[PDB]
Structure formats: structure tokens, C-alpha cells
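Chains as they are written, first to last, in UniProt numbering: chain E, 793 to 954; chain X, 556 to 590, 793 to 849; chain C, 911 to 954. Cβ atoms here follow ideal geometry from the backbone N, Cα and C, with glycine treated the same way. Below is one structure, written out as C-alpha cells; comments come after it.
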């Protein structure tokens, strides 16, 4: 399993995530996406704040990190300002790969250019064999995007004509 | 205004811990150089720490400064976010 | 170098990677206060 830490400077309503998969397994395979908390010594903890199952069909893939699969939870994740949180990705299948981004390495679509600085300074890529003990990767971070939402006055559904 | 010399000092210092062996240089920020560090310690008794001794191989320009901090150590042997002391050290 | 300590490194001062075989070159001073303290000022 892999994980990526993040944080916010304010209180933000996380509505959905963005991830990039390089490959996937067969139709029947699935990946469990979780958001866990970060403990006082900067590591993921066993507490789980969100969880969802992503079937193979929902997982888009692409050979240039262009396809973005959107992950949605049923209850929105309320992220307190100044508190670190960690996305966690678990799957029993051995045929799942993700684009990362490592310092000093050439970009996939622009080999002429290299990632000079850290990809995301306020997060760290993690790896684990049992989803308990995490080995950090300081020079590497996942390619991801987090979406935060703002609710408005009223909503409407229209149903197709009977 | 006038200057003043602290004759009788209000305490005498003693160097209890000292790791003097050095072999290599490590950047304070290895993982962000284009193209922080910490060191744990402990005492067997209640001691009043008064100052620290560090050794720097190279420094930045005149305007640069380094933040020195003492943080506590959590139950699993890692630094925690609590900060007990903090100071700012100029280039000079 | 120092048996009871470990050198650490981090990219955000939160997740620390230990270096078991390495330690900083450093020195900690402890103090013992005395009964009184005196200041003297340059002449007027």
C-alpha cells in the first residue's frame, strides 16, 4: 500500500480526490481508497476518516499520466486547519501501478526537463508492506489533486420526461 | 547610554555531552536543493541545559539566518511537534 | 559516534528519516547557578 500526506492552512471541506493510475488489473479487481490521520510523529495512524471502493472500470489509466480518475466519498471529509492528513491506497491485487514524481528525474512527457525541487514540499510519499509500518520517500510524491467544495443556496434535480 | 560587563556570572557551564568525531558534510535541507536535520539526546538525571554547541561547514549570505529548536521525543523514538526552545541565529 | 542518539533528516520537519550510523558533531552545556551575580558599568 502507498500513501501521501497533505495539510491545509484553514478549515476546508474536501469533497473529492484526484489520482493518476499507470495501469490496472482485470475487470473484477478493485482498489480501496482511504483517508487516514497523521500522528504526532509525522506518520499515518490507524484512524480512518473516509473509505470508498473503486472498481476496475472506474479506474482510468494512461501511458502519459493524462487520465484522471476522480474518487468520491459518501460523507465529506472535513479537514481542520493545521492538521496533517494522509491519503491511503490499498489493494490486494499485484497488478496496480501509479505515477509518482521524483526529484532530479526527467518528466514523462518532457524528458528534456527534470524535476528540480521537491514535487510537493509539504507532503511525503509512503510505502508499506502491511499498511501499518510506513517507509517514507522524502524525494518523491504522488501525482494527485485534492478538490474542496463550497455549498450554495439551493439544489435542483430534473427527471427525464416519463 | 553606557555599556556594562557581567563580572560575577550567575552560573558556570560545563560540557557534559560532546560528540567530536566528524567525517562528512550533510546539507541541512538535502531533499530540496535545486538540481531540516535533527539529533536526539538524553540525560540520566535532571539537568539545566544552558547552551548548545554546533559546527557548520559553510553558511549563506549576510541576510540568511538559521532557526535552532529543541523539540521533544515521542514514545516511538521520533521527534514530535512540541517545541520547548527556539532562537534565530544570524549569518554573522 | 554517539550511541544514545540518532541523526535525522526531513523534507518538511514532520516525517523524519533516521540515519542510524551517523550523528552530528555537537556539544551540550549544562549550568549550575551560584549565590549572587554582579554587573559593572563603564565609568561616567
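When DSSP states are grouped into helix, strand and coil, residue 841 of chain E belongs to the strand group. Relative to residue 913 of chain C, the option among C/951, C/924, C/925, C/929 whose CA is nearest is C/929.
In this structure residue 919 of chain C is in contact with residue 794 of chain X, their Cβ atoms being roughly 6 Å apart against a cut-off of 8 Å. For residue 866 of chain E, the enclosing beta strand (DSSP E) starts and ends at 861-871. Identification of chain E residues near residue 838 of chain X by a Cβ-Cβ cut-off of 7 Å yields 832, ordered along the chain.
Residues of chain E with a Cβ closer than 7 Å to the Cβ of residue 931 of chain C do not exist, since the nearest Cβ in that chain sits about 17 Å away.
Take residue 821 of chain X, set aside five residues on each side of it, and the residues of its chain with a beta-carbon closer than 6 Å to its own are 848, in chain order. With a threshold of 16 other beta carbon atoms within 10 Å, residue 915 of chain E meets it and is buried. Within 7 Å of the CB of residue 927 of chain C, the CB atoms of chain E belong to 928, 930, in sequence order along the chain. Per DSSP, residue 929 of chain C is one residue of the beta strand (DSSP E) stretching across 927-929. Per DSSP, the continuous beta strand (DSSP E) segment holding residue 939 of chain C begins and ends at 936-943. When the five nearest sequence neighbours on each side are left out, the beta carbons in the same chain lying within less than 8 Å of the beta carbon of residue 819 of chain E are those of 848, 849, in order along the chain. Nothing from the stretch 838-860 of chain E brings a Cβ to less than 9 Å from some Cβ of chain C.
Comparing alpha-carbon positions, the option among X/796, X/559, X/569 lying closest to residue 581 of chain X turns out to be X/796. Counting the other CB atoms within 10 Å of its CB gives residue 800 of chain X a total below 16, which places it among the exposed residues.
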